[PDB]
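Step one of this worksheet: look at the structure below.
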Amino acid sequence: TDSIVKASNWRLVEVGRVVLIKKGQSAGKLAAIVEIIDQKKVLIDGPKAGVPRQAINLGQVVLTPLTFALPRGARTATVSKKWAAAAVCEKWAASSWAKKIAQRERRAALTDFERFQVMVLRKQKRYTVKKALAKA
Amino acid sequence: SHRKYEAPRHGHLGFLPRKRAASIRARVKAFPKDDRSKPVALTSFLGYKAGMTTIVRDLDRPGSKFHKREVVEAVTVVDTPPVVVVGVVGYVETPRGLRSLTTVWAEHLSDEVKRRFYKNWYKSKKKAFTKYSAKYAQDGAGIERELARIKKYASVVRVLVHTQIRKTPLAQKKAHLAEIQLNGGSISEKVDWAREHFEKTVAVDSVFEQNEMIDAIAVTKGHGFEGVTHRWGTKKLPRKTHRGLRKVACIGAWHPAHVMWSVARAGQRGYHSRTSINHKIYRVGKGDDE
Amino acid sequence: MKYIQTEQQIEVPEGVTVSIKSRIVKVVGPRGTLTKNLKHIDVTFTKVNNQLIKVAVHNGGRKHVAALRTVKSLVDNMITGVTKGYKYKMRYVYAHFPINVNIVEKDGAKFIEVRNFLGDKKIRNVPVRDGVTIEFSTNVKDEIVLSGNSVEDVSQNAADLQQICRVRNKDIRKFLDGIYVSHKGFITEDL
Amino acid sequence: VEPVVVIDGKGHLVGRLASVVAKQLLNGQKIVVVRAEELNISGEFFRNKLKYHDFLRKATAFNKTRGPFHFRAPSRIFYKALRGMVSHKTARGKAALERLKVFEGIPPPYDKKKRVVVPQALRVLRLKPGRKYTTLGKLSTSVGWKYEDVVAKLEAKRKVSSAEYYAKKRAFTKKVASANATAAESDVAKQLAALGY
Amino acid sequence: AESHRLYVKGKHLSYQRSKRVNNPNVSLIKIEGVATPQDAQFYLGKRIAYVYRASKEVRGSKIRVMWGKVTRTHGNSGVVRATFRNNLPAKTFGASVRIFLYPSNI
Amino acid sequence: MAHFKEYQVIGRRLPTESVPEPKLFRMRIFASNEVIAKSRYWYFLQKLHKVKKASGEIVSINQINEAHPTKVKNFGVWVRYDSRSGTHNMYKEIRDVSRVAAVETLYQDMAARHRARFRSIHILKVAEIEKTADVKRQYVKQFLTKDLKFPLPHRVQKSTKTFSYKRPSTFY
RNA sequence: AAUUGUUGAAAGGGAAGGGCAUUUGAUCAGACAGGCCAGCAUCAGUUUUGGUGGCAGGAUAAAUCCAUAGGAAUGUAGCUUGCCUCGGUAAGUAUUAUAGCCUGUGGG
RNA sequence: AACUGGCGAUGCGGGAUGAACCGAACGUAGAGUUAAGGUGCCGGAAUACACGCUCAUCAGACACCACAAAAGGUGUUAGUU
RNA sequence: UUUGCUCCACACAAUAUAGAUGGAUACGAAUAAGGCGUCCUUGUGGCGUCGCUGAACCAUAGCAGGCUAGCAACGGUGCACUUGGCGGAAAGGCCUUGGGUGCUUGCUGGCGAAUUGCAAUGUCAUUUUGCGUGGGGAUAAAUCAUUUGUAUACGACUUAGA
Ligand SMILES: [Mg+2]
Ligand SMILES: [Mg+2]
Ligand SMILES: [Mg+2]
Ligand SMILES: [Mg+2]
Ligand SMILES: [Mg+2]
Ligand SMILES: [Mg+2]
Ligand SMILES: [Mg+2]
Ligand SMILES: [Mg+2]
Ligand SMILES: [Mg+2]
Ligand SMILES: [Mg+2]
Ligand SMILES: [Mg+2]
Ligand SMILES: [Mg+2]
Ligand SMILES: [Mg+2]
Ligand SMILES: [Mg+2]
Ligand SMILES: [Mg+2]
Ligand SMILES: [Mg+2]
Ligand SMILES: [Mg+2]
Ligand SMILES: [Mg+2]
Ligand SMILES: [Mg+2]
Ligand SMILES: [Mg+2]
Ligand SMILES: [Mg+2]
Ligand SMILES: [Mg+2]
Ligand SMILES: [Mg+2]
Ligand SMILES: [Mg+2]
Ligand SMILES: [Mg+2]
Ligand SMILES: [Mg+2]
Ligand SMILES: [Mg+2]
Ligand SMILES: [Mg+2]
Ligand SMILES: [Mg+2]
Ligand SMILES: [Mg+2]
Ligand SMILES: [Mg+2]
Ligand SMILES: [Mg+2]
Ligand SMILES: [Mg+2]
Ligand SMILES: [Mg+2]
Ligand SMILES: [Mg+2]
Ligand SMILES: [Mg+2]
Ligand SMILES: [Mg+2]
Ligand SMILES: [Mg+2]
Ligand SMILES: [Mg+2]
Ligand SMILES: [Mg+2]
Ligand SMILES: [Mg+2]
Ligand SMILES: [Mg+2]
Ligand SMILES: [Mg+2]
Ligand SMILES: [Mg+2]
Ligand SMILES: [Mg+2]
Ligand SMILES: [Mg+2]
Ligand SMILES: [Mg+2]
Ligand SMILES: [Mg+2]
Ligand SMILES: [Mg+2]
Ligand SMILES: [Mg+2]
Ligand SMILES: [Mg+2]
Ligand SMILES: [Mg+2]
Ligand SMILES: [Mg+2]
Ligand SMILES: [Mg+2]
Ligand SMILES: [Mg+2]
Ligand SMILES: [Mg+2]
Ligand SMILES: [Mg+2]
Ligand SMILES: [Mg+2]
Ligand SMILES: [Mg+2]
Ligand SMILES: [Mg+2]
Ligand SMILES: [Mg+2]
Ligand SMILES: [Mg+2]
Ligand SMILES: [Mg+2]
Ligand SMILES: [Mg+2]
Ligand SMILES: [Mg+2]
Ligand SMILES: [Mg+2]
Ligand SMILES: [Mg+2]
Ligand SMILES: [Mg+2]
Ligand SMILES: [Mg+2]
Ligand SMILES: [Mg+2]
Ligand SMILES: [Mg+2]
Ligand SMILES: [Mg+2]
Ligand SMILES: [Mg+2]
Ligand SMILES: [Mg+2]
Ligand SMILES: [Mg+2]
Ligand SMILES: [Mg+2]
Ligand SMILES: [Mg+2]
Ligand SMILES: [Mg+2]
Ligand SMILES: [Mg+2]
Ligand SMILES: [Mg+2]
Ligand SMILES: [Mg+2]
Ligand SMILES: [Mg+2]
């Protein structure tokens with residue numbers, strides 16, 4: 001009999017927290033929280049992603065669960081160097097979040113024929129699976 | 001302006017509309033709270049008001065100036081021959097209130113009750129319930145399911161019974177039929193009880209004993225169109241007054257520029273439904289008894 | 001002015017295990033078990049080690065942060081209430097009519113039947129709260145003793161008795177009759 | 001978009017649900033609302049009880065029949081909030097209202113149908129946390145609504161028959177999820193992978 | 001197979017109006033799944049049809065159509081104004097309407 | 001007043017025969033465009049020297065871009081304002097990333113907290129705060145603790161369609 | 001004519017009648033034999049909404065970036081010290097070291 | 001009483017409502033753009049964005065306009081010495 | 001009173017329609033937290049994983065979807081039957097057994113499509129009623145008048161009459 005007290009483990013506003021922009025000429029780009037302005041503004045910089053160092057309202061951005069070693073106030077070059085170091089982009093790219101994003105980008109770019117081609121394939125996949133769903 | 005002298009209103013507003021009742025048999029709008037631990041029996045009975053008389057008895061009221069002394073008291077007498085059970089009715093609870101889901105009827109139905117379902121008995125072919133009576137023919141099948149549904153569901157069980165009005169001096173033949181909630185144990189016992197009593201008869205003493213407080217639920221004797229003075233107990237206007245004096249002088253202030261609901265007007269007096277309570281049973285007579 | 005973070009410590013003793021899912025707290029120690037619902041209050045619990053738990057309020061105003069401590073207190077009293085336990089002593093007072101107290105039971109109830117208050121013919125009753133035990137103290141005159149694990153159940157069962165004996169229509173400075181809480185404390189001695 | 005939209009009333013702020021339900025109606029969309037008794041109102045219980053009593057005292061002086069009518073049931077409370085946002089004396093208004101049904105609990109048909117939720121009237125998303133609110137069935141009961149216990153009884157039973165439904169269902173999707181796994185890595189699968197599926 | 005629709009579903013909302021004066025010469029059409037002005041500039045110029053039934057057969061059919069065209073966007077939520085060869089009948093408010101794909105430009 | 005720009009403005013009483021080349025005085029003005037900014041320039045100049053636009057002349061009007069526009073800075077702000085009952089002097093502290101961004105939010109606060117519209121407000125001084133622990137007000141001092149972090153609970157996500165088939169989750 | 005009966009058609013949830021508009025029903029003119037209507041294309045007038053190209057100003061934007069000198073702390077490495085399950089902490093020194101930041105000047 | 005502007009003699013958009021306020025002055029129409037005023041729903045039009053403030057057991061909610069004061073508050077918010 | 005009534009079947013007709021046009025796709029609860037998978041000591045449990053919107057999921061190819069052949073599978077789906085079971089909140093619907101039969105675009109074939117002329121919804125929904133045909137099933141009452149008086153201004157109410 002130990003205590004056992006829930007958790008509630010939140011994503012945090014902190015230096016080196018990577019953050020997915022959601023509205024602006026960046027929007028869909030990752031970036032990192034350099035310094036921290038107040039309860040609602042932050043300083044972001046995402047030189048790898050092409051997003052320019054700026055003060056951004058935290059409402060237009062979504063905290064990811066990614067983090068990395070970044071010195072508070074670090075300039076853009078320092079940011080570029082620490083980012084690559086922690087290998088952020090691979091860490092994010094391989095996550096269910098960023099895969100789901102790419103997956104709907106694809107379904108948007110499907111040509112009418114490719115869309116017809118998906119239908120037949122699903123027909124095929126469904127035939128064999130509806131079978132297997134009757135033998136064990 | 002302001003009355004002048006304050007005084008209480010004539011009449012009680014919780015008895016509107018003072019209209020004629022929808023039927024001679026006033027409705028039992030409520031039944032005793034159920035205690036499913038007791039045996040099951042009826043919770044109300046049917047009779048015919050016969051008359052009134054006087055009674056003498058010793059009063060037992062420690063502290064009253066009439067303790068251990070004789071009083072004379074007036075008492076009514078209700079004629080009360082056994083009601084005959086002829087159906088059970090099951091009710092289910094719904095967010096819109098109590099709904100009846102079925103009614104199982106006896107197989108055999110007296111011409112008394114069968115008369116109730118007609119307006120012109122003498123001419124009629126009297127086919128009432130005849131196809132229902134068949135439902136017993138086969139093994140039982142369908143009557144069981146219904147009786148079974150009632151046990152399966154039904155938050156409340158009531159019994160259709162009717163009066164043996166031919167055991168009464170009345171001229172009236174067409175008997176009276178009415179539902180009576182059953183207040184003994186267990187839903188399933190209640191229907192079992194009623195099914196057992198189909199066509200069978202039930203007696204007053206098995207409902208009421210001596211010195212019990214019972215309520216009466218009847219339709220007030222009627223008087224027809226009634227002036228404002230006797231109907232509402234309004235002051236007679238003075239003798240000097242033009243165009244009548246069993247009136248109400250001021251029908252209302254100028255504004256609201258309408259006569260209002262709370263103001264006594266002439267209209268129907270009597271034939272109202274009334275639920276009178278706390279009437280002690282001084283005697284439960286048996287007919288087979290000089 | 002919206003304070004960014006403030007927390008409090010909830011210290012934990014050797015004989016007790018507190019368990020908090022959502023904000024439903026359960027503390028179990030020697031004297032038994034107590035559970036209390038905190039859903040109404042918007043704080044973040046965080047274990048650190050079976051002798052320590054923290055409660056925190058993120059970005060909170062006065063009225064919120066001010067509710068943070070009183071969450072600590074509440075859980076503390078649950079912890080102590082189940083190690084030591086709680087014991088409230090009240091002592092009857094009357095100027096001429098002996099207040100006459102007993103424990104009556106109608107339908108497994110257990111009540112506190114006060115009689116003759118200020119010489120009243122009335123019979124006052126206070127119900128005994130589940131979790132509280134009432135003993136009438138031997139060795140001391142006109143004492144009553146309510147004991148239990150729930151401070152809030154005792155302090156109230158206490159207070160419901162003292163109030164059943166309020167004095168109407170007399171100068172309550174001269175007519176001091178009543179039953180009053182005279183000492184609030186724990187059950188296990190030395191402590 | 002769908003012939004009928006069943007809304008689980010639970011957790012929504014009255015006037016905001018009333019406001020989107022109203023517009024939907026007028027745009028041709030049939031709508032039934034369920035669980036009206038688990039509706040919410042901003043402000044604590046007592047305020048909205050008082051508010052209701054203010055409403056309760058208005059009536060035609062000379063005949064309390066013709067004056068306003070005070071319905072107690074949480075559905076009808078809601079309907080009132082809702083009819084107030086429709087030009088209900090026009091024909092078009094009566095047209096639109098017939099496309100609406102409000103219900104306490106989740107009665108037949110709609111208990112097997114899926115019900116949806118209105119984010120912009122969801123209290124948990126709308127009300128600032130720390131604000132006080134009111135449940136509609138509690139409010140309704142304090143002002144003469146009869147059937148709060150019967151509804152909760154029928155609902156508890158319905159939730160029991162539904163927890164089974166779910167349970168059987170989750171059990172079967174475990175097969176389908178397991179089936180789709182062996183079909184993965186196949187030719188169809190990596191092709192569909194390519195096309196985004 | 002089961003589907004055949006070559007149009008986008010639509011809804012006849014209101015006439016163009018002020019608070020207290022409408023203009024039957026311009027209907028306001030809600031296009032399914034068009035939610036901004038920028039989305040609805042695609043449908044500008046498409047032809048609209050309101051199909052409806054009648055009791056008297058005419059040219060050997062009991063089915064009649066009022067034809068129109070999306071002409072401009074409306075407000076911020078992808079509502080779209082449109083005009084018809086004959087104004088729409090104000091009972092149609094909330095009825096279904098068919099926005100076609102032509103005059104196309106893909 | 002809008003979104004702000006900062007101007008250096010320079011003017012000088014019109015040259016006279018007997019006093020040519022008068023003195024030149026500068027102000028830094030926070031306004032949304034160059035026209036308001038010269039209106040403002042003259043507004044204050046008449047509150048110090050004997051001049052008015054009619055008898056003086058603007059010499060130069062120049063935007064002053066933030067020297068370090070991505071360097072988070074702790075600003076102290078000094079302000080005169082009239083309230084309803086009278087006129088008072090304040091000092092507030094704004095932590096933003098450029099003078100112009102902060103003068104903006106000052107004006108919001110004055111309007112929100114003290115109901116002061118733009119006309120009633122005199123910026124007297126806005127300056128960067130060099131050392132920490134010259135920061136006085138605590139609503140700023142909070143944000144200068146070492147290794148600072150904080151979560152953002154009860155996350156609310158702006159729905160894009162009118163209905164929803166889940167049931168939201170304020171998780172973060 | 002008011003007003004009335006019959007027949008036929010039609011509408012009517014506390015009046016009726018009216019305006020603009022259209023559905024439906026009824027009814028009718030005219031015109032075809034170029035009459036009525038449409039669709040596309042190329043233009044013209046008015047207008048609305050996008051994509052994209054070339055240039056001008058400014059502190060010849062301010063930044064980032066690079067170079068350089070200086071600096072400090074919400075002090076990185078190292079060191080010292082003190083507990084402390086073999087290092088991890090804590091408080092001291094310590095300004096680039098096994099992070100970096102700030103300030104000025106210069107370059108494009 | 002004064003100067004101007006109006007209503008009267010005047011409709012149209014706004015102010016729910018309203019002679020005089022705001023906007024704007026009228027031949028019959030089409031397309032466009034606006035004013036004053038609006039854009040949760042009634043109702044055309046962002047349940048738009050941004051920073052604060054306020055929780056009222058009789059909150060508050062837009063000029064004219066359909067009222068409230070002295071004086072109080074250890075409610076909370078920023079300030080002054 | 002001119003073969004009337006009802007339920008199933010089809011036929012022709014009329015008359016409708018607040019507005020079909022792939023699918024209303026079922027836990028509950030919490031939100032300062034939860035869903036799912038998994039393991040166990042079955043807990044306020046361990047471990048894993050997910051969210052950041054249904055932009056889903058399912059269905060979707062064939063004369064508006066014609067006539068036909070084969071293979072591989074033993075799967076899927078429509079239809080009428082039949083086995084057992086569940087559902088009363090408005091249940092009037094849900095689940096399960098077994099054969100019969102149609103389809104299958106799981107894959108591989110043969111034939112057809114034009115001239116509706118370069119667009120003209122190009123007609124494929126479901127409402128109610130009406131008339132004959134024949135496959136089941138059923139054979140009343142209420143009202144006027146008369147009468148009671150527990151009723152009544154008149155209607156109405158309550159009685160009685162093969
Ligand atoms: Mg969790
Ligand atoms: Mg897609
Ligand atoms: Mg008086
Ligand atoms: Mg007198
Ligand atoms: Mg009752
Ligand atoms: Mg009842
Ligand atoms: Mg006496
Ligand atoms: Mg039945
Ligand atoms: Mg008769
Ligand atoms: Mg009479
Ligand atoms: Mg008389
Ligand atoms: Mg009397
Ligand atoms: Mg006289
Ligand atoms: Mg009188
Ligand atoms: Mg009256
Ligand atoms: Mg006193
Ligand atoms: Mg006295
Ligand atoms: Mg409409
Ligand atoms: Mg519609
Ligand atoms: Mg009224
Ligand atoms: Mg209304
Ligand atoms: Mg409508
Ligand atoms: Mg919220
Ligand atoms: Mg309309
Ligand atoms: Mg308009
Ligand atoms: Mg037209
Ligand atoms: Mg309409
Ligand atoms: Mg100025
Ligand atoms: Mg001046
Ligand atoms: Mg000033
Ligand atoms: Mg939004
Ligand atoms: Mg009427
Ligand atoms: Mg007309
Ligand atoms: Mg010719
Ligand atoms: Mg011509
Ligand atoms: Mg034409
Ligand atoms: Mg042109
Ligand atoms: Mg350009
Ligand atoms: Mg340049
Ligand atoms: Mg150097
Ligand atoms: Mg570092
Ligand atoms: Mg004027
Ligand atoms: Mg004039
Ligand atoms: Mg004039
Ligand atoms: Mg005018
Ligand atoms: Mg107007
Ligand atoms: Mg206006
Ligand atoms: Mg007004
Ligand atoms: Mg104005
Ligand atoms: Mg003016
Ligand atoms: Mg309204
Ligand atoms: Mg609108
Ligand atoms: Mg917008
Ligand atoms: Mg009030
Ligand atoms: Mg008061
Ligand atoms: Mg008052
Ligand atoms: Mg209010
Ligand atoms: Mg004013
Ligand atoms: Mg004051
Ligand atoms: Mg104050
Ligand atoms: Mg001062
Ligand atoms: Mg219709
Ligand atoms: Mg369900
Ligand atoms: Mg579950
Ligand atoms: Mg979980
Ligand atoms: Mg699990
Ligand atoms: Mg096990
Ligand atoms: Mg478990
Ligand atoms: Mg677990
Ligand atoms: Mg899904
Ligand atoms: Mg086929
Ligand atoms: Mg083929
Ligand atoms: Mg084979
Ligand atoms: Mg086969
Ligand atoms: Mg039912
Ligand atoms: Mg229903
Ligand atoms: Mg049924
Ligand atoms: Mg088959
Ligand atoms: Mg197919
Ligand atoms: Mg066709
Ligand atoms: Mg026939
Ligand atoms: Mg005979």
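Letters A, B, ... go to the chains of the structure tokens in the order shown; residues in each chain start at 1; ligands are counted from 1 in the same order.
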#### Entry: residue H:13 surroundings by only C-alpha atoms (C1' of nucleotides), 9 Å radius, close-in-sequence under 3 positions cut, as an MDAnalysis selection string
chainID H and resid 23:24 35:37
Next, write the just-selected residues to a file, as a PDB file, in the first residue's frame, keeping N, CA, C and O atoms (P, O5', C5', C4', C3', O3' and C1' of nucleotides) as the atom set.
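Resulting contents of selection_28.pdb:
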ATOM      1  P     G H  23     -25.078  63.674 -38.674  1.00  0.00           P
ATOM      2  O5'   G H  23     -25.475  62.682 -39.857  1.00  0.00           O
ATOM      3  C5'   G H  23     -24.747  61.494 -40.084  1.00  0.00           C
ATOM      4  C4'   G H  23     -25.395  60.618 -41.134  1.00  0.00           C
ATOM      5  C3'   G H  23     -25.828  61.243 -42.452  1.00  0.00           C
ATOM      6  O3'   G H  23     -24.755  61.573 -43.326  1.00  0.00           O
ATOM      7  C1'   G H  23     -27.474  59.736 -41.732  1.00  0.00           C
ATOM      8  P     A H  24     -24.825  62.855 -44.308  1.00  0.00           P
ATOM      9  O5'   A H  24     -26.014  62.531 -45.297  1.00  0.00           O
ATOM     10  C5'   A H  24     -25.952  61.419 -46.174  1.00  0.00           C
ATOM     11  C4'   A H  24     -27.283  61.168 -46.834  1.00  0.00           C
ATOM     12  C3'   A H  24     -27.910  62.367 -47.532  1.00  0.00           C
ATOM     13  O3'   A H  24     -27.457  62.523 -48.867  1.00  0.00           O
ATOM     14  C1'   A H  24     -29.478  61.421 -46.064  1.00  0.00           C
ATOM     15  P     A H  35     -19.612  53.360 -44.258  1.00  0.00           P
ATOM     16  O5'   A H  35     -20.602  54.583 -44.068  1.00  0.00           O
ATOM     17  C5'   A H  35     -20.194  55.899 -44.397  1.00  0.00           C
ATOM     18  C4'   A H  35     -21.313  56.867 -44.156  1.00  0.00           C
ATOM     19  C3'   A H  35     -21.901  56.815 -42.767  1.00  0.00           C
ATOM     20  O3'   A H  35     -21.109  57.564 -41.871  1.00  0.00           O
ATOM     21  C1'   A H  35     -23.633  56.861 -44.372  1.00  0.00           C
ATOM     22  P     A H  36     -20.737  57.006 -40.411  1.00  0.00           P
ATOM     23  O5'   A H  36     -22.134  57.008 -39.646  1.00  0.00           O
ATOM     24  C5'   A H  36     -22.648  58.200 -39.089  1.00  0.00           C
ATOM     25  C4'   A H  36     -24.078  58.002 -38.696  1.00  0.00           C
ATOM     26  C3'   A H  36     -24.342  56.835 -37.763  1.00  0.00           C
ATOM     27  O3'   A H  36     -24.076  57.119 -36.402  1.00  0.00           O
ATOM     28  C1'   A H  36     -25.835  56.718 -39.554  1.00  0.00           C
ATOM     29  P     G H  37     -23.417  55.989 -35.470  1.00  0.00           P
ATOM     30  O5'   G H  37     -24.377  54.732 -35.648  1.00  0.00           O
ATOM     31  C5'   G H  37     -25.650  54.709 -35.021  1.00  0.00           C
ATOM     32  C4'   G H  37     -26.445  53.516 -35.468  1.00  0.00           C
ATOM     33  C3'   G H  37     -25.883  52.158 -35.095  1.00  0.00           C
ATOM     34  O3'   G H  37     -26.168  51.794 -33.768  1.00  0.00           O
ATOM     35  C1'   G H  37     -26.449  52.135 -37.346  1.00  0.00           C
TER      36        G H  37
END
### Task
Write out as a PyMOL selection string the residues lying within 9 Å of stretch 48-53 of chain H, counting only C-alpha atoms (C1' of nucleotides) and excluding same-chain residues fewer than 4 positions away.
(chain F and resi 105+108-113) or (chain H and resi 77)
#### Entry: Residues of chain D within 12 Å of chain G, counting only C-alpha atoms (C1' of nucleotides), as a ChimeraX atom specification
/D:66,89,91
File dump, residues just selected, N, CA, C and O atoms, as a PDB file, in the first residue's frame:
ATOM      1  N   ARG D  66     -55.348  32.973 -19.863  1.00  0.00           N
ATOM      2  CA  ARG D  66     -54.885  33.554 -21.115  1.00  0.00           C
ATOM      3  C   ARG D  66     -53.447  34.024 -21.025  1.00  0.00           C
ATOM      4  O   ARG D  66     -52.718  33.959 -22.017  1.00  0.00           O
ATOM      5  N   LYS D  89     -44.511  33.298 -34.837  1.00  0.00           N
ATOM      6  CA  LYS D  89     -45.870  33.610 -35.229  1.00  0.00           C
ATOM      7  C   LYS D  89     -46.056  33.641 -36.748  1.00  0.00           C
ATOM      8  O   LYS D  89     -47.195  33.568 -37.228  1.00  0.00           O
ATOM      9  N   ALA D  91     -45.680  31.837 -40.528  1.00  0.00           N
ATOM     10  CA  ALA D  91     -45.809  30.465 -40.992  1.00  0.00           C
ATOM     11  C   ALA D  91     -44.452  29.796 -41.023  1.00  0.00           C
ATOM     12  O   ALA D  91     -44.277  28.695 -40.500  1.00  0.00           O
TER      13      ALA D  91
END
### Message
So that I can check the secondary structure, give me every residue of stretch 25-83 of chain E assigned alpha helix (DSSP H) by backbone DSSP, as number ranges by chain.
### Response
E: 37-40
### Message
Using only C-alpha atoms (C1' of nucleotides) and all ligand atoms, which residues of the polymer chains come no farther than 12 Å from ligand 26? I'd like the answer as a count of residues only.
### Response
20
### Query
How many Å lie between atom CA of residue D:188 and atom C1' of residue I:102, rounded to one decimal?
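Calculated distance between atom CA of residue D:188 and atom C1' of residue I:102 is 29.7 Å.
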What are the nearest atom pairs, with distances in Å to one decimal, for all residues of chain F that come at most 12 Å from chain G, using only C-alpha atoms (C1' of nucleotides), set out by chain and rising residue number as a tab-separated table?
residue	atom	partner	partner_atom	distance
F:8	CA	G:59	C1'	12.0
F:61	CA	G:58	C1'	11.5
F:62	CA	G:58	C1'	8.7
F:63	CA	G:58	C1'	8.3
F:64	CA	G:59	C1'	8.3
F:65	CA	G:62	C1'	5.0
F:66	CA	G:62	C1'	6.2
F:67	CA	G:62	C1'	6.4
F:68	CA	G:63	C1'	6.9
F:69	CA	G:63	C1'	6.7
F:70	CA	G:63	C1'	7.8
F:71	CA	G:102	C1'	9.6
F:72	CA	G:102	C1'	11.3
F:73	CA	G:102	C1'	11.2
F:98	CA	G:62	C1'	11.4
F:130	CA	G:102	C1'	9.9
F:131	CA	G:73	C1'	9.2
F:132	CA	G:74	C1'	8.6
F:133	CA	G:74	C1'	10.6
F:141	CA	G:74	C1'	10.7
F:142	CA	G:74	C1'	11.2
F:143	CA	G:74	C1'	9.6
F:144	CA	G:74	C1'	6.1
F:145	CA	G:74	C1'	5.6
F:146	CA	G:74	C1'	4.3
F:147	CA	G:74	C1'	7.5
F:148	CA	G:74	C1'	8.9
Selected residues, C-alpha atoms, written as a compact mmCIF listing (two decimals), in the first residue's frame, please.
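Output file selection-v4.txt follows:
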# COMPACT_ATOMS: atom_id res chain seq x y z
CA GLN F 8 11.29 61.77 -33.69
CA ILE F 61 9.80 63.92 -38.75
CA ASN F 62 11.48 60.54 -38.56
CA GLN F 63 10.48 57.04 -37.58
CA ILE F 64 12.61 55.45 -34.85
CA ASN F 65 12.80 51.69 -35.41
CA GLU F 66 13.41 49.48 -32.39
CA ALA F 67 17.15 48.90 -32.05
CA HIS F 68 16.78 45.28 -30.86
CA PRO F 69 13.32 44.11 -31.90
CA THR F 70 13.69 40.46 -30.83
CA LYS F 71 15.39 41.19 -27.47
CA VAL F 72 12.88 40.65 -24.67
CA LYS F 73 13.10 43.80 -22.54
CA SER F 98 9.96 46.80 -28.33
CA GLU F 130 19.01 47.53 -17.30
CA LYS F 131 19.59 45.32 -14.24
CA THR F 132 17.00 42.99 -12.95
CA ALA F 133 16.12 43.83 -9.34
CA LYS F 141 9.19 39.94 -11.47
CA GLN F 142 7.34 36.63 -11.77
CA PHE F 143 8.70 36.14 -15.27
CA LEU F 144 12.37 36.53 -14.30
CA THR F 145 12.89 33.51 -12.08
CA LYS F 146 15.57 31.09 -13.20
CA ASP F 147 14.74 27.95 -15.21
CA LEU F 148 11.12 29.13 -15.40
Wanna dump the chain F-ligand 61 contacts at 9 Å for me, each residue with its shortest atom pair and the distance in Å to one decimal, counting only C-alpha atoms and all ligand atoms, ordered by chain and number, as a tab-separated table?
residue	atom	partner	partner_atom_place_in_ligand_line	distance
F:86	CA	ligand 61	1 (Mg)	8.7
F:87	CA	ligand 61	1 (Mg)	7.8
F:88	CA	ligand 61	1 (Mg)	5.5
F:89	CA	ligand 61	1 (Mg)	7.2
F:90	CA	ligand 61	1 (Mg)	8.8
### Task
Can you tell me which residues come within 8 Å of ligand 24 when counting only C-alpha atoms (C1' of nucleotides) and all ligand atoms, ideally as a list in words?
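Result of the 8 Å neighbour search around ligand 24: residues 92 of chain D; 13, 14, 15, 90 and 93 of chain E.
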### Query
Any idea what the distance is between atom CA of residue B:278 and atom CA of residue B:214?
5.6 Å
### Task
Taking only C-alpha atoms (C1' of nucleotides) into account, report as a PyMOL selection string which residues of chain C lie within 12 Å of chain H.
chain C and resi 1-2+61-63
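Considering only C-alpha atoms (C1' of nucleotides) and all ligand atoms, the residues that reside within 7 Å of ligand 79 can be listed as residues 61, 62 and 105 of chain I.
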